[PDB]
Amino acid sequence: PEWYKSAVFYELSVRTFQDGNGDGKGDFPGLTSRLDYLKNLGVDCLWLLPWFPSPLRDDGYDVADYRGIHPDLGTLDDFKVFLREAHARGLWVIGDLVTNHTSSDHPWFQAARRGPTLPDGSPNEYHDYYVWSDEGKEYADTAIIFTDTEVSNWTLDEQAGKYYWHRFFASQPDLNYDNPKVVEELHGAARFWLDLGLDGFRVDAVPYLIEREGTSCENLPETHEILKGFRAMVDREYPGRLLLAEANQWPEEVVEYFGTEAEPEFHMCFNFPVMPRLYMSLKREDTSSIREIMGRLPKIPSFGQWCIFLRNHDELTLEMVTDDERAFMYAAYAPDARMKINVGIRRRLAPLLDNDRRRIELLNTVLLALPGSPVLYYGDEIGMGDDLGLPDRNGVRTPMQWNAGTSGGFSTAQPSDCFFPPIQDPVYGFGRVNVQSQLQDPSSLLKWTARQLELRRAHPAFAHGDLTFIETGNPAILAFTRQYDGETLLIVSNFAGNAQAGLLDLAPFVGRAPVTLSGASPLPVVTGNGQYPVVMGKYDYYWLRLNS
């Protein structure tokens, strides 16, 4: 198999992970000094949030130079040694390629806003890197994504006298991919980093590249074509490098970002459709919507692999659920108004689950056992909280909590001098929630997480096996099998907060002896009609091999 299929991913922001020089901002030297923590946690590939020069109006997704390091984070040389030290430790690392827009401070946009022509009269080559309109009436049938900030996707640029298109913030003008030179510029941006040894890219906001009148301006055939070009380029020029897409769309649309066997697109896509049903199914003590949504995902190409996650640096997105589910999710997980932002909930894993260790463990085990390669959000392995007093999505991006010392060990500077303030509340503060205390706690969440990944690593069927749901006869209980090589895993999960009883339909398994992945504790052999009675306590998970 290709490496990304057995990998575990870990998502972190250089700026909030480890400060290495005392200024209160994370940097690449600080990240390099913590590589062994990631190695020993059991992660294979680091996904770094954007590291580029940037006025940071959207925390680095507003790029002002695709081929440099933001000053906060150190230098291109610090980047280079970090890669050397990550590779030397058997760590793949991928960056975040922001294709759809730049910062308004980018050189290109600064030129482009001068207008169609320079003062001397000659044409302005950069004007058509962006999307311009005289009165901003095109593409009127389009969602606004950042509903709490942006009232329109067109903004009047004072100096050009014309409106420009932006799907995200006004300070993030969209790039015009009907211009072949723009396409070549981003081919070039990609080459610069993949030449430095970078192992591939998370590609940001891929459904929004091209816009056509008469359409949603989403998942257009033509934006797929550009993405095919990207893949073709790294297939010819950088074989083995990974392309990973963030496409938060309904299932029938997401799978298309894999392309076909004859025209490949992305190697991997984030499984956005499962992520909200997982939470919904917890509060509802009914798992049918997990199965229903998994059932709508068509098959994927031979190279394709799902990327499973629970949380990330963004809000918990409710863009791709129904009206009723969104309302349900809000009342269940956003009791307080400030927890909402842009059709979504800006909260961390542990607080969403009320810090209930048995729920955190339950969801993680489902994460680790569904088809695909999982990605952990930094700090969830120790149970970090959120700071909802911070604006936008910053509340889920506070510093890594490494110990109980100053600023949680993230920095020698004081907490009020750090880029985001380390969390210090009684429940989630670095006095209570920190890496060093979990390395000494025999039963910490950190040790549970590392051990559960190790369990996963010893059973290839979690990464490569097919998936078949099992009936169970109780909505609160989810059951499926993973089959790969000659091993059949059976995994059973109780989403109710009390004991539940089920009747698993193991008719194909009559004669097989279920045993326990941890210690091979025997269960009764499947007999008769193969309808198998199980009782489970609250939020239990049964990880079982079905011996033949």
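Residue indices: 1-based, along the sequence shown.
Trainee: Taking the recorded C-alpha temperature factors, which stretch has the higher mean, 127-135 or 408-416?
Mentor: The entry gives the higher C-alpha B-factor average to 127-135.
Trainee: Quick check on the record: does 501-509 or 36-44 carry the larger mean Cα temperature factor?
Mentor: Higher mean C-alpha B-factor in the PDB entry: 501-509.
Trainee: Which one of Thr365, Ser171, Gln401, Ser216 shows the top CA temperature factor in the record?
Mentor: The record points to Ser216.
Trainee: Of the options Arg113, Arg432, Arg451, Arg358, which has the highest CA B factor as deposited?
Mentor: In the PDB entry, the greatest C-alpha B-factor among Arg113, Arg432, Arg451, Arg358 is found at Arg113.
Trainee: For the chain shown, is the CA B-factor of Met536 in the lowest, middle or highest third of its modelled residues?
Mentor: Within its chain, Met536 is a middle-third residue by C-alpha B-factor, going by the deposited values.
Trainee: For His313, does the deposited CA B-factor place it in the lowest, middle or highest third of the chain?
Mentor: Lowest third.
Trainee: Sorting by Cα B-factor within the chain, modelled residues only, which third would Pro50 end up in: lowest, middle or highest?
Mentor: Lowest third - that is where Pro50 ends up once the chain's C-alpha B-factors are sorted.
Trainee: Compare the C-alpha B factor of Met268 with those of the other modelled residues in its chain, then answer lowest, middle or highest third.
Mentor: Middle third by C-alpha B-factor.
Trainee: Would you mind ranking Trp3 by its C-alpha B-factor against the rest of the chain and naming the third, lowest, middle or highest?
Mentor: Answer is highest: the recorded C-alpha B-factor places it there.
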